[PDB]
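Undergrad: Here you go, one structure.
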Amino acid sequence: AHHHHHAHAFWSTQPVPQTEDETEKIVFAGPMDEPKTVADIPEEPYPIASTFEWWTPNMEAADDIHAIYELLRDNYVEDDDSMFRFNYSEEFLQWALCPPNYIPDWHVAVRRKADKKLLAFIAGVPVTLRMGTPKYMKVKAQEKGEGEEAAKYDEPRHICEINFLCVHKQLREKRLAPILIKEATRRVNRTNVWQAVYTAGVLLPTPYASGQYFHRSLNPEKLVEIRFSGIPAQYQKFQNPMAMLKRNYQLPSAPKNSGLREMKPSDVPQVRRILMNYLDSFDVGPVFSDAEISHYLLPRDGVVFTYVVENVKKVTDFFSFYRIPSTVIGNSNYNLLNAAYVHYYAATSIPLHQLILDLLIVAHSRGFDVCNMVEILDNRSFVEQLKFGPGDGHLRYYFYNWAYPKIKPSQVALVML
Ligand SMILES: CCCCCCCCCCCCCC(=O)SCCNC(=O)CCNC(=O)[C@H](O)C(C)(C)COP(=O)(O)OP(=O)(O)OC[C@H]1O[C@@H](n2cnc3c(N)ncnc32)[C@H](O)[C@@H]1OP(=O)(O)O
Ligand SMILES: [Zn+2]
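Here you go:
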């Protein structure tokens, strides 16, 4: 019942595969660029106009995080004609940008010298990623006798995740974005890191995986009244069509699993174990320490919500979801849309659809209006029984400086904003 509404001067110089045809022919994982060392990377920041300066924000400082908050609030807009606007609170931004061992230098900003107004931003965070040759390719490579080349890059790699690329609207379409990407590349290279991973809605050279978005209505009445959803014509036959619509997406009001409770700090080592056990099944996936599990998964009000199944003693299952609220433009009754995004999870004692059913119940009980996700992990497996519908977006996954075969999004275990 959803409302469906839908030459590279810089990227052709970058160490990424340049065509879909190239990517579909890659058989081994490995770097694109020729080997470099840190000393081969320019010491000085990339030149920008004299009215501007590079600035590294201190995220512990109120003024700095507020400055980044305001830039993104007013300028981090994928579509000016959308009826919605994503909102990234300072707490959200600290959670996304300041994981344990984050590198301040990788938060790259441009500001105007005279008044110190922040005009552009791009952010990298460390992540440890398994990104060696997909298991099927390695298998096929072994049958041809090339197993050790296929396995050469199997060790998890300490790399960079790039997000929150943003140019102030006054500075748009002036090639500042390539400069931001070059400066981040420079700074990351100077840390002896040579690959990055990143996601985008736009199609760039060249994704290794792409996945459709899916939505699960939690407050159908509100979703229709803001035109996120429509009430289709067959409902225009029934007696109280809106009552019929609310009945169709009705959930139980209390979760089905006993032992389900909010995650607490003492759960961290066990959640790490069952998560890692699950994520290692996928060709591309992160490796998390206890500190990273704690930072990314411990409940964080207004940002991250995480529950465990602990039916006496042992943590056997868990799920998590994070919040991004959308401003609703021009609606008399509603100003905000509260969206729950499926995060990490692991099921070992109950079917996956049963665990995610409880996610929906908990998310609904916490006032969320819609539950969103991309078809990574095993998310595709419960779409139909839990009444998710596909949206119009696609999340495209890219590597920088990494030759990588084309894979399915169900082969990807890295949750990325
Ligand atoms: C080893 C370490 C490596 C580190 C770096 C790894 C790579 C990181 C890569 C970045 C990962 C980002 C992940 C996220 O955060 S995805 C979210 C992106 N941000 C937004 O959508 C916020 C709103 N939009 C904006 O702020 C601007 O429109 C941006 C900044 C996006 C472009 O600014 P502007 O509109 O003023 O344009 P320009 O004249 O300066 O530049 C035009 C050039 O920019 C290319 N472009 C456009 N959109 C994107 C995009 N989303 N990723 C990469 N490149 C993009 C475009 O194809 C063209 O290149 P080419 O077509 O001529 O070749
Ligand atoms: Zn429309």
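Under the deposited numbering, read the sequence shown as residues -1 to 4, 11 to 421, first letter to last. Even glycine gets a Cβ: it sits at the ideal position worked out from N, Cα and C.
1. Distance check for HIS1 and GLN238, CA to CA, integer angstroms please.
2. What residues in its chain sit with their C-beta under 8 Å from that of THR210, if we drop five residues either side in the sequence?
3. Helix, strand or coil for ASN261? Go by DSSP, reduced to three states.
4. Which residues in the same chain as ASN193 place their Cβ atom closer than 6 Å to its Cβ, once the five residues preceding and following it in sequence are excluded?
5. Looking only at its own chain, which residues have a Cβ that is under 8 Å from the Cβ of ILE360, when we skip the five neighbours before and after it?
6. What separation, rounded to the nearest whole angstrom, lies between the Cα atoms of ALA344 and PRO108?
7. So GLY151 is in the beta strand (DSSP E); what residue range does that whole segment cover?
8. Quick one: does the C-beta of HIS1 sit closer than 7 Å to a heavy atom of ligand 2?
9. Using 10 angstroms around the beta-carbon of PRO269, count the other beta-carbons present and answer buried if the total reaches 16, otherwise exposed.
10. Less than 8 Å between C-beta atoms, sequence neighbours within five positions excluded: which residues of the same chain meet that for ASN339?
11. For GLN22, does the three-state DSSP call read helix, strand or coil?
12. What would DSSP say about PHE292, mapped onto helix, strand or coil?
13. What would DSSP say about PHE14, mapped onto helix, strand or coil?
14. Helix, strand or coil, according to DSSP, for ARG176 in the structure here?
15. Return helix, strand or coil for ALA213, following the three-state DSSP convention.
16. Please determine if the stretch 177 to 188 and the stretch 117 to 129 are in contact, where contact requires at least 3 C-beta pairs separated by less than 8 Å.
17. Measure the alpha-carbon distance for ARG191 versus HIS111 and round it to whole angstroms.
18. Leaving out five residues on either side along the sequence, give the residues of the same chain with a beta carbon under 6 Å from the beta carbon of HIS398.
19. Quick check: is any heavy atom of ligand 1 less than 7 Å from the C-beta of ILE72?
20. For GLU314, which of helix, strand or coil comes out of DSSP?
21. Kindly list the residues whose CB is nearer than 7 Å to the CB of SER16, restricted to its own chain and excluding five residues on each side of it in sequence; keep chain order.
22. Enumerate in chain order the residues of its own chain whose CB-to-CB distance from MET141 is below 6 Å, with the five nearest sequence positions on each side excluded.
23. According to the Cβ coordinates, are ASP321 and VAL312 closer than 8 Å?
TA: Straight from the coordinates:
1. 15 Å
2. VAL20, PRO21, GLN22, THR23, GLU24, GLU26, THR27 and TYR402
3. coil
4. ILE45
5. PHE323, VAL346, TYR349, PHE386 and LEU390
6. 29 Å
7. Note, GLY151: premise wrong, no beta strand (DSSP E); alpha helix (DSSP H) at 151 to 154.
8. yes
9. exposed
10. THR331 and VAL332
11. coil
12. coil
13. coil
14. coil
15. strand
16. yes
17. 10 Å
18. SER214 and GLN216
19. no
20. coil
21. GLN22
22. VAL31 and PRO409
23. yes
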